[PDB]
């Protein structure tokens, strides 16, 4: 189906990128998929982008993606990963502008959930959930979890 294909494409892209950084691949988790899907539907209903309660409370990592059209799994992953251009491996650490990239390749992250929903106007809302949550800011965490390509 459309949902399964999208999930598989997002996972495939994430894992190909993680291989470029020498970190273990992620595994999809059905419950995480359901939670991400539920949130994507909530975002599609309001059409207002914002982070979920789970994300705000640091329970799960979360990446969001919006487009005026129906997004493919590959394009979403590529957009998030592209932030690597602005990540300085010589001075490791968190930055909002590279947050999607660092969450994607976070070494210690093991599982992911993916969801996508379209609004009344056809725009799509994509939600990726990560566990354990990455982007841990304390000293040493980024150097250990965000490795150079």
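Residue numbers count along the first chain shown, from 1.
Trainee: Taking the mean of the C-alpha B-factors per stretch from the entry, tell me the winner out of 83-91 and 56-64.
Mentor: That would be 83-91.
Trainee: Report the stretch with the higher mean CA temperature factor, choosing between 11-19 and 133-141 on the basis of the entry.
Mentor: In the deposited entry, the stretch with the higher C-alpha B-factor mean is 133-141.
Trainee: By the CA temperature factor listed in this entry, which of these ranks top: 124, 102, 108, 46?
Mentor: Going by the entry's C-alpha B-factors, 46 comes out highest.
Trainee: By the entry's C-alpha temperature factors, tell me which of 34, 27, 51, 116 sits highest.
Mentor: Comparing C-alpha B-factors across 34, 27, 51, 116, the maximum falls on 51.
Trainee: In terms of the CA temperature factor given in the entry, to which third of its chain does residue 40 belong: lowest, middle or highest?
Mentor: Lowest third, going by the recorded CA B-factors of the chain.
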